[PDB]
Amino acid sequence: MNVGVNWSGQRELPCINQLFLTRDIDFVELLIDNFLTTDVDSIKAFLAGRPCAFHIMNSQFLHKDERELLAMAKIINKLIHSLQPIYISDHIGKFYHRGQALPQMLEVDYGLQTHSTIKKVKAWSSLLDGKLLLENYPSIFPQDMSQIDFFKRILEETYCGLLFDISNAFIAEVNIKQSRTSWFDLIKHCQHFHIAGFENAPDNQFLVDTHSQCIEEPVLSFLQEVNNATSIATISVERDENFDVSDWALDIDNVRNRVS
């Protein structure tokens, strides 16, 4: 099991540099669409031999036709060729409503025009050099179609795979009572994972997928269930706020200890 971390920008670099000096970081997951004009050698210098993986935040590919994506695919594919990521991955997310840009990525309506969404998945993934993995959303509200049934169709009808976020699935269980159980059929064909912390919304109305706290015990016990169910090739221990090296290192330690 290669245990890694996410890297989206420069705010966290002091903290990552400290992690590099006090822990084994087996790989780094770049939020690659934040590095599209970055000198590739400068990226390699920072990685200092560590392998990388790609995670795409803002392709917004469900809002676009295939032709609008060509330019972004070209840049990403050059970065894929030069950096050779272990995997590449994107999100199932909603970024606009009635033409207004949202301040956050919201959950997709899985059952609405499911076939058109599967077609956009095929189109985007066919333009990227490699098998595209799609990450499960930390559901806040229930809807008619299960996220599981949605991903079952992705995995059956397209060339895409699953990037399974363990704490996102835990968040959905709390928020919408989606039994974690339902993912285990798909989990068994997944080898690349995420795990992170979260926070309570005001008045504890739902869990927010902040990547800002340490991983809590129920999520680690979910991790061990995942480890029993499948082969964990890689897991990225995510952090996007509160760049305290001791807390991130504690998360990395707990993830490794839990599967030993």
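For every residue, the number given is its place in the sequence shown, counted from 1.
Tell me which stretch, 29-37 or 201-209, has the higher mean Cα B-factor listed in the entry.
Between 29-37 and 201-209, it is 201-209 that shows the higher mean C-alpha B-factor.
Using only the Cα atoms and their B-factors as the entry lists them, report which of 132-140 and 180-188 averages higher.
That would be 180-188.
For the CA B factor values reported in this entry, which option in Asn168, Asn77, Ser125, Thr117 has the top one?
By C-alpha B-factor in the record, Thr117 ranks first.
In terms of the CA temperature factor given in the entry, to which third of its chain does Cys52 belong: lowest, middle or highest?
According to the entry, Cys52 has a C-alpha B-factor in the chain's lowest third.
Split into thirds by Cα B-factor across the chain's modelled residues, where does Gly99 land: lowest, middle or highest?
CA B-factor rank for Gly99: highest third.
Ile195 - which third its CA temperature factor falls in, relative to the rest of the chain
Ranked within chain, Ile195 CA B lands in the lowest tercile.
What third of the chain, by the recorded C-alpha B-factor, contains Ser89?
Answer is lowest: the recorded C-alpha B-factor places it there.
If you rank the chain by CA B-factor, which third does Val255 end up in: lowest, middle or highest?
Answer is middle: the recorded C-alpha B-factor places it there.
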